[PDB]
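Input: a single structure, listed below in structure tokens.
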Amino acid sequence: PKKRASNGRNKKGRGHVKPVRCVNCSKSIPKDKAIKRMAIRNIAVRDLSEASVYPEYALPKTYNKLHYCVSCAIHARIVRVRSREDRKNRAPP
Amino acid sequence: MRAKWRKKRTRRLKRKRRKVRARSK
Amino acid sequence: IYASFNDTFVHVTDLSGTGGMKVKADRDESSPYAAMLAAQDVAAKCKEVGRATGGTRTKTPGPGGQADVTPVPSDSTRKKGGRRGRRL
Amino acid sequence: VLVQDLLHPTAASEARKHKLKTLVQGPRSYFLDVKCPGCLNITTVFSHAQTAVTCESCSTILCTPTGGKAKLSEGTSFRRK
Amino acid sequence: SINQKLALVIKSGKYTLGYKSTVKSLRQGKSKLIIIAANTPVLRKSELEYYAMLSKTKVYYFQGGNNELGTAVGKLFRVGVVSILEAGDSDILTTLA
Amino acid sequence: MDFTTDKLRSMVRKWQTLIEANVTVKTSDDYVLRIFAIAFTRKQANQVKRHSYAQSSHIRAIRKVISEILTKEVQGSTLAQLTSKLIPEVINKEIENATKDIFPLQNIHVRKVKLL
Amino acid sequence: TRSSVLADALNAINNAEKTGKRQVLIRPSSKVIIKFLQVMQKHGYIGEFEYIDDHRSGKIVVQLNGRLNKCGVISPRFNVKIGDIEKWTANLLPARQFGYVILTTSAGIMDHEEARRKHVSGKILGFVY
Amino acid sequence: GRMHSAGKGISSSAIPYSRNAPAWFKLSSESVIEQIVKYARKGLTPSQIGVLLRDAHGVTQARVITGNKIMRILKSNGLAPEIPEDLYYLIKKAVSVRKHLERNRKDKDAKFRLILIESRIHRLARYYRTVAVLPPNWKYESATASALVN
Amino acid sequence: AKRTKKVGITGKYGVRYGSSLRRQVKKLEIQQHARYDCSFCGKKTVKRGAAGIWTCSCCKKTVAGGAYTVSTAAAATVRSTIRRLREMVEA
RNA sequence: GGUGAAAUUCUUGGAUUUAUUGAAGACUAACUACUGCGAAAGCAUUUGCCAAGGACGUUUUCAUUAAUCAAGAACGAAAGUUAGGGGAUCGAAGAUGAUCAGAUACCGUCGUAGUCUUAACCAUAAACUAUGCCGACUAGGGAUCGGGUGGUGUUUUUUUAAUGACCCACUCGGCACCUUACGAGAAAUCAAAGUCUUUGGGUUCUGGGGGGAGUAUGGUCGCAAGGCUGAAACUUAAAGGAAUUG
Ligand SMILES: [Mg+2]
Ligand SMILES: [Mg+2]
Ligand SMILES: [Mg+2]
Ligand SMILES: [Mg+2]
Ligand SMILES: [Mg+2]
Ligand SMILES: [Mg+2]
Ligand SMILES: [Mg+2]
Ligand SMILES: [Mg+2]
Ligand SMILES: [Mg+2]
Ligand SMILES: [Mg+2]
Ligand SMILES: [Mg+2]
Ligand SMILES: [Mg+2]
Ligand SMILES: [Mg+2]
Ligand SMILES: [Mg+2]
Ligand SMILES: [Mg+2]
Ligand SMILES: [Mg+2]
Ligand SMILES: [Mg+2]
Ligand SMILES: [Mg+2]
Ligand SMILES: [Mg+2]
Ligand SMILES: [Mg+2]
Ligand SMILES: [Mg+2]
Ligand SMILES: [Mg+2]
Ligand SMILES: [Mg+2]
Ligand SMILES: [Mg+2]
Ligand SMILES: [Mg+2]
Ligand SMILES: [Mg+2]
Ligand SMILES: [Zn+2]
Ligand SMILES: [Zn+2]
Ligand SMILES: [Zn+2]
Numbered sequence: 002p003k004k005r006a007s008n009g010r011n012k013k014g015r016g017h018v019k020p021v022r023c024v025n026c027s028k029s030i031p032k033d034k035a036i037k038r039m040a041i042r043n044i049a050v051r052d053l054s055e056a057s058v059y060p061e062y063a064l065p066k067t068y069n070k071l072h073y074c075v076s077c078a079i080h081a082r083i084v085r086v087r088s089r090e091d092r093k094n095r096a097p098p
Numbered sequence: 001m002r003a004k005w006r007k008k009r010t011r012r013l014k015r016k017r018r019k020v021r022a023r024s025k
Numbered sequence: 019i020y021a022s023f024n025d026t027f028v029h030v031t032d033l034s035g043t044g045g046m047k048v049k050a051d052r053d054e055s056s057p058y059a060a061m062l063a064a065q066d067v068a069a070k071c072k073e074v075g084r085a086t087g088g089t090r091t092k093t094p095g096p097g098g099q100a117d118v119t120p121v122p123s124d125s126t127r128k129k130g131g132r133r134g135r136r137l
Numbered sequence: 002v003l004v005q006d007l008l009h010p011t012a013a014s015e016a017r018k019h020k021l022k023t024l025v026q027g028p029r030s031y032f033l034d035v036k037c038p039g040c041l042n043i044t045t046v047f048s049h050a051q052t053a054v055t056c057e058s059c060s061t062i063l064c065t066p067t068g069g070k071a072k073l074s075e076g077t078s079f080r081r082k
Numbered sequence: 009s010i011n012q013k014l015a016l017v018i019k020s021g022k023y024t025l026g027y028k029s030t031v032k033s034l035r036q037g038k039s040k041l042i043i044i045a046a047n048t049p050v051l052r053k054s055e056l057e058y059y060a061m062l063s064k065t066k067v068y069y070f071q072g073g074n075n076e077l078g079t080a081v082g083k084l085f086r087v088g089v090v091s092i093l094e095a096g097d098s099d100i101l102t103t104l105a
Numbered sequence: 103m104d105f106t107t108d109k110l111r112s113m114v115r116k117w118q119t120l121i122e123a124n125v126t127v128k129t130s131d132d133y134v135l136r137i138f139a140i141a142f143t144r145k146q147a148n149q150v151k152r153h154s155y156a157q158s159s160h161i162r163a164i165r166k167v168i169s170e171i172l173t174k175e176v177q178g179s180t181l182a183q184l185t186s187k188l189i190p191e192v193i194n195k196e197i198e199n200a201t202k203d204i205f206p207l208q209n210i211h212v213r214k215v216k217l218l
Numbered sequence: 002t003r004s005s006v007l008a009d010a011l012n013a014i015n016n017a018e019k020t021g022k023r024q025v026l027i028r029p030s031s032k033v034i035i036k037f038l039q040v041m042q043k044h045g046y047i048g049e050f051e052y053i054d055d056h057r058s059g060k061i062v063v064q065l066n067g068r069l070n071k072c073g074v075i076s077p078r079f080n081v082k083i084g085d086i087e088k089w090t091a092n093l094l095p096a097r098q099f100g101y102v103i104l105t106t107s108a109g110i111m112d113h114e115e116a117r118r119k120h121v122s123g124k125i126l127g128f129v130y
Numbered sequence: 002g003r004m005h006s007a008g009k010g011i012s013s014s015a016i017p018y019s020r021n022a023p024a025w026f027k028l029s030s031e032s033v034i035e036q037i038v039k040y041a042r043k044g045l046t047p048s049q050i051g052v053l054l055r056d057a058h059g060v061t062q063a064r065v066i067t068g069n070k071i072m073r074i075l076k077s078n079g080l081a082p083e084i085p086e087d088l089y090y091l092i093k094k095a096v097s098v099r100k101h102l103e104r105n106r107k108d109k110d111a112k113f114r115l116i117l118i119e120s121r122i123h124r125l126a127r128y129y130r131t132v133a134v135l136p137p138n139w140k141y142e143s144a145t146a147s148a149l150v151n
Numbered sequence: 002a003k004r005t006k007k008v009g010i011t012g013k014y015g016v017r018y019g020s021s022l023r024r025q026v027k028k029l030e031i032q033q034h035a036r037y038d039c040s041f042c043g044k045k046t047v048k049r050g051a052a053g054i055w056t057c058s059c060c061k062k063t064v065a066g067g068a069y070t071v072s073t074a075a076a077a078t079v080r081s082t083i084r085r086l087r088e089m090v091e092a
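If you're matching them up, the sequences are chains b, AO, P, c, AD, C, X, O and AQ in order.
The first sequence lines up with residues 2 to 44, 49 to 98 when you count with PDB author numbering.
At position 14 of the second sequence (counting the first as 1) the number is 14 in PDB author numbering, and the numbers step up by one without a gap.
The third sequence lines up with residues 19 to 35, 43 to 75, 84 to 100, 117 to 137 when you count with PDB author numbering.
At position 70 of the fourth sequence (counting the first as 1) the number is 71 in PDB author numbering, and the numbers step up by one without a gap.
At position 18 of the fifth sequence (counting the first as 1) the number is 26 in PDB author numbering, and the numbers step up by one without a gap.
At position 40 of the sixth sequence (counting the first as 1) the number is 142 in PDB author numbering, and the numbers step up by one without a gap.
At position 66 of the seventh sequence (counting the first as 1) the number is 67 in PDB author numbering, and the numbers step up by one without a gap.
At position 43 of the eighth sequence (counting the first as 1) the number is 44 in PDB author numbering, and the numbers step up by one without a gap.
At position 7 of the ninth sequence (counting the first as 1) the number is 8 in PDB author numbering, and the numbers step up by one without a gap.
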């Protein structure tokens with residue numbers, strides 16, 4: 002039987018959603034059902054600035070959206086498979 | 001065997017049976 | 019500077035316009058200990074006279098990078130691996 | 002709520018409800034005699050014109066069509082009777 | 009459009025279709041406008057425009073062949089030229105045309 | 103010119119709608135150039151809607167006027183006075199003076215230029 | 002479309018009964034509706050109703066009590082020969098003690114027991130118990 | 002509802018309880034029936050007449066100053082159009098989608114809605130035919146119709 | 002009554018040379034025989050002969066064209082892009 | 001270079017890299033959401049044109065003109081087929097390098113068709129909500145999309161409005177979610193899957209143990225691949241569903 006009433010993710014009343022392809026393995030996955038994680042980490050960080058011009062002017066970072074297909078979301082990234090009633094909680098943390 | 005491979009196995013079968021008696025067409 | 023996975027690149031030139046060489050076991054080409062080891066002789070020639086692979090797939094810094118001009122598309126040029134991806 | 006007068010409900014409860022879902026249906030739309038004080042005898046308009054009306058003698062414009070807020074251009078009086 | 013504004017002179021005003029009637033209309037001064045299909049040849053065109061200048065009639069070059077100009081005027085035949093003879097209530101003589 | 107990876111990717115927050123518009127335009131100066139432009143939506147700062155979206159009579163009417171005022175200073179100059187014109191950048195809200203009558207529209211910049 | 006207009010009133014009452022609630026407005030109050038609410042009050046399963054007059058097809062409010070388990074409309078409006086009224090009562094009435102199966106006869110809408118009194122018959126309308 | 006969709010959105014008009022005149026309206030019957038026929042000969046649908054008389058003038062609804070409905074006055078003054086106003090529009094639509102189809106010949110969508118429009122026409126006509134307001138021979142066709150609007 | 006389900010004009014070849022060869026011949030046959038619309042006078046009076054030669058019945062004009070149609074796809078896409086580069090050399 | 005690691009591979013031809021720069025075809029990133037639209041398939045840069053549509057508003061018009069539907073017809077992802085063009089990408093086939101006892105594979109490499117487009121076909125998907133359509137009734141809850149009504153609400157300050165966006169309340173019609181359970185169910189769960197043994201609102205369609213088998217046969221559609229229609233002999237006591245414990 003069903004073991005999610007959403008039974009994909011996040012698509013009610015649309016019929017078809019363009020697919021994205023997974024960062025890890027390139028497998029195709031419907032955009033609505035790709036677990037999305039935005040990775041923003043920045044560019049050892051004071052050695053950077055002492056021996057350098059512009060005395061800490063800007064400090065910019067990576068900005069990048071990530072899409073994994075369940076299979077590879079499950080392998081490493083944030084899936085951490087939940088229990089039967091623990092999984093309906095869509096609180097991010 | 002998988003369902004859709006039994007489909008393939010049968011589609012093949014009938015294309016072969018279809019052939020065999022157009023011999024006696 | 020440009021960082022693959024299983025390589026990192028570094029090269030001086032005029033504003034107008043180093044990899045898996047100091048290490049050779051060829052799994053180590055990415056490794057930071059060799060990014061450094063070949064960054065060393067790079068700043069050397071820097072003073073001796075005076084980017085992720087991206088494009089399509091993984092859009093992300095490599096290991097030997099730290100030890117942006119990343120090419121990103123307008124969502125075209127379908128990626129290798131088919132629709133079932135690399136399978137293990 | 003398991004005892005509730007259907008026949009005599011509050012004149013405010015039915016003020017909230019829909020044009021058609023009152024007890025006896027009725028249009029919540031009125032008419033207005035609009036005075037543009039540059040002419041003597043002026044006209045009786047309907048609340049959602051959708052015809053930007055013009056009056057007898059002048060080329061006036063009074064109204065504008067809308068979603069129903071039949072906007073009474075430059076300022077004038079009226080009466081909902 | 010202007011097909012709109014032209015389509016009003018058929019049901020309202022006086023007109024005449026065709027090359028030959030159109031030029032006795034340009035000789036007797038009766039035409040204040042004539043509309044000329046796209047494809048009608050240039051020799052004929054510059055002739056009409058001569059007759060127009062002599063009647064001091066204005067012209068309008070209709071983007072669209074005489075096939076189109078005819079189904080514009082509501083007729084089911086090609087019309088190489090029209091000549092309005094009364095602009096019954098169309099502003100065509102008073103629009104930018 | 104260009105923007106830089108840091109700033110552009112710093113600007114595209116989810117929970118709002120991006121807007122881009124370009125036009126290819128002359129100068130005195132016999133030059134014809136494709137500008138770019140970029141704007142987003144501000145939550146009016148009394149507002150509870152988490153997602154701060156316009157409804158696309160707006161996005162159509164906005165580039166409608168962005169390009170009206172974008173080709174209303176370039177060919178309103180040489181390239182020289184052009185470089186002189188975008189460096190104080192106050193064209194950036196020479197869009198906004200138009201758009202304050204339509205939408206909140208934070209983070210309006212011009213964000214590239216690209217030529218022949 | 003609403004087809005057996007009677008039903009859409011009748012069922013609301015049944016819903017309106019183990020609602021607990023003891024009024025219900027019904028739509029749209031045909032002549033056959035009133036002469037059905039009437040026969041029920043004649044035997045005490047509802048109290049008083051009021052024909053609201055919209056200049057439309059009508060509205061009733063029936064104030065109801067809790068004596069009634071099942072009123073119901075039975076139809077395609079089957080035809081019942083005088084000899085087989087008792088086959089319906091049997092099928093759809095709890096006991097031979099109480100409950101009526103209302104119906105339509107030439108002598109007017111009337112419960113099944115009055116029909117055995119009047120010796121007339123017709124088509125079956127519904128039932129109340 | 003929405004016979005050719007699955008959109009169940011109700012919006013009627015609320016016709017008021019008062020079937021008599023609005024009791025603030027000065028002109029009566031004759032005064033303004035005479036008004037509607039000036040626009041019938043102007044060329045307006047009984048709805049354009051009903052609306053223009055609703056707002057620019059005091060006429061809240063035909064039925065109750067008159068007491069024949071609007072089309073029922075034009076019919077007596079001989080101004081009833083060739084065919085009922087609604088179907089006229091349905092055809093004017095069907096022709097207006099067709100000329101767009103026959104020039105954008107690769108539009109699967111409009112072809113679908115021509116079908117819908119046309120089969121709505123055929124059921125309305127089928128009604129008008131059986132109530133004698135259209136001859137029993139009456140039907141509609143792509144090429145007969147393009148000159149039936151104008 | 003409808004005379005042939007499939008072959009139309011290509012029945013003259015009868016049974017010979019194969020369905021496929023006949024089918025394809027039918028295609029261009031139908032093109033090279035039909036009357037086309039004249040661009041200069043508006044009448045459907047341009048017919049072929051001597052393939053690549055197209056002539057109006059009245060108004061007597063002759064246009065070079067495709068071997069079975071007046072305009073080939075190629076020709077038209079040249080027309081379009083020749084306008085294109087021409088509109089590029091006065092403004 | 002490529003992977004877990006390697007190898008087939010590319011480099012006196014200055015490869016990988018940089019720089020300026022042009023070509024071709026494909027795609028619309030980020031913004032993108034429990035958000036929108038369409039009958040469904042499906043639809044995401046710009047602008048102009050072309051017709052079209054729901055909801056709302058409506059003291060406008062018609063006045064039963066409707067609901068659902070064998071036959072019949074329109075559309076119908078992907079692949080696939082015919083005729084051109086296109087052929088950058090990725091890539092059934094095929095060939096390879098590796099792994100394996102073997103390895104036609106999974107992983108790597110080359111790459112045909114294909115991928116795109118026009119003209120014509122084909123008519124199938126777990127084409128899915130595994131859940132017919134119209135009407136009605138039965139229950140709490142805050143979001144949100146479109147329309148609308150209500151204001152000595154806040155903001156733009158220009159000099160205050162007009163406006164625009166925002167706030168609040170209600171009401172229609174949407175996409176959903178939440179809490180309950182009166183109620184339902186074999187259960188999982190369901191505001192319907194409820195208002196059924198207290199069994200009848202209207203109507204369409206399919207199913208009747210498991211295999212045999214969507215096979216045989218005929219008919220019919222297709223260029224084909226195949227689509228629709230669609231048995232039986234025989235065989236068998238289970239097969240199946242949901243939930244529980246291991
Ligand atoms: Mg399972
Ligand atoms: Mg999905
Ligand atoms: Mg689907
Ligand atoms: Mg043989
Ligand atoms: Mg490849
Ligand atoms: Mg695995
Ligand atoms: Mg007897
Ligand atoms: Mg229907
Ligand atoms: Mg309804
Ligand atoms: Mg409406
Ligand atoms: Mg985009
Ligand atoms: Mg038959
Ligand atoms: Mg290729
Ligand atoms: Mg192989
Ligand atoms: Mg091998
Ligand atoms: Mg093989
Ligand atoms: Mg293995
Ligand atoms: Mg199927
Ligand atoms: Mg599904
Ligand atoms: Mg549901
Ligand atoms: Mg099943
Ligand atoms: Mg609710
Ligand atoms: Mg709601
Ligand atoms: Mg329970
Ligand atoms: Mg229970
Ligand atoms: Mg055959
Ligand atoms: Zn993956
Ligand atoms: Zn006026
Ligand atoms: Zn000619």
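Beta carbons are placed, not taken as given, at the ideal position from N, Cα and C, and that holds for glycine.
Next item on the list: Determine the closest residue to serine 76 (chain X) out of X:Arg97, X:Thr105, X:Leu65, with distance taken between C-alpha atoms.
Entry: If we check each option's Cα against that of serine 76 (chain X), X:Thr105 comes out closest.
Check: Using Cβ-Cβ distances below 9 Å, what residues of the segment 36-63 of chain X are close to chain c?
Finding: Within the segment 36-63 of chain X, the qualifying residues are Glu51, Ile53, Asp54, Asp55, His56, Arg57, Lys60, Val62.
Item checked: Own chain, CB closer than 7 Å to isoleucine 171 (chain C), minus 5 neighbours either side, in chain order -> Cβ neighbours of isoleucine 171 (chain C) beyond the five flanking positions: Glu196, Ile197, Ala200.
Check: Helix, strand or coil: how does DSSP classify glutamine 149 (chain C) here?
Finding: Three-state result, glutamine 149 (chain C): coil.
Next item on the list: Flag this pair as touching only if the segment 20-39 of chain c and the segment 65-77 of chain c have three or more C-beta atom pairs under 8 Å; answer yes or no.
Entry: Under the three-pair Cβ rule at 8 Å, the segment 20-39 of chain c counts as touching the segment 65-77 of chain c.
Notebook entry, point to check: What in chain c is Cβ-close to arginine 55 (chain O), meaning under 7 Å?
Noted result: Per Cβ cutoff of 7 Å: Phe47.
Notebook entry, point to check: Is the beta carbon of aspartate 33 (chain b) sitting closer than 8 Å to the one on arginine 5 (chain b)?
Noted result: No, the Cβ-Cβ distance between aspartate 33 (chain b) and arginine 5 (chain b) is not below 8 Å.
Check: So, helix, strand or coil for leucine 41 (chain AD), using DSSP?
Finding: Here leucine 41 (chain AD) sits in strand by DSSP.
Notebook entry, point to check: Does DSSP put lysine 66 (chain b) in a helix, in a strand, or in coil?
Noted result: It is a strand residue.
Margin query: Any beta carbon of chain C sitting closer than 8 Å to that of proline 20 (chain b)?
Written below: For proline 20 (chain b), no Cβ of chain C is located within less than 8 Å of the residue's own Cβ.
Notebook entry, point to check: What alpha helix (DSSP H) runs, 4 residues minimum, are completely inside the segment 9-64 of chain O?
Noted result: The qualifying runs are 31-41, 47-56.
Next item on the list: Can you tell me the Cβ-Cβ gap for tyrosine 23 (chain AD) and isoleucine 92 (chain AD), rounded? I've got them flagged as a contact below 8 Å.
Entry: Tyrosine 23 (chain AD) to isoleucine 92 (chain AD), Cβ: 5 Å. Contact.
Notebook entry, point to check: Secondary structure at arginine 86 (chain AD), three-state DSSP: helix, strand or coil?
Noted result: Here DSSP, grouped into helix, strand and coil, assigns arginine 86 (chain AD) to coil.
Notebook entry, point to check: Taking Cβ to Cβ, would you say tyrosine 59 (chain AD) is nearer than 8 Å to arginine 35 (chain AD)?
Noted result: Cβ distance < 8 Å, so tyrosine 59 (chain AD) and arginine 35 (chain AD) count as in contact.
Next item on the list: Anything in chain C within Cβ reach of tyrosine 68 (chain b), meaning under 7 Å, just list it in chain order.
Entry: Ordered by position in chain C, the residues that pass the 7 Å Cβ test against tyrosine 68 (chain b) are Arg111, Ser112.
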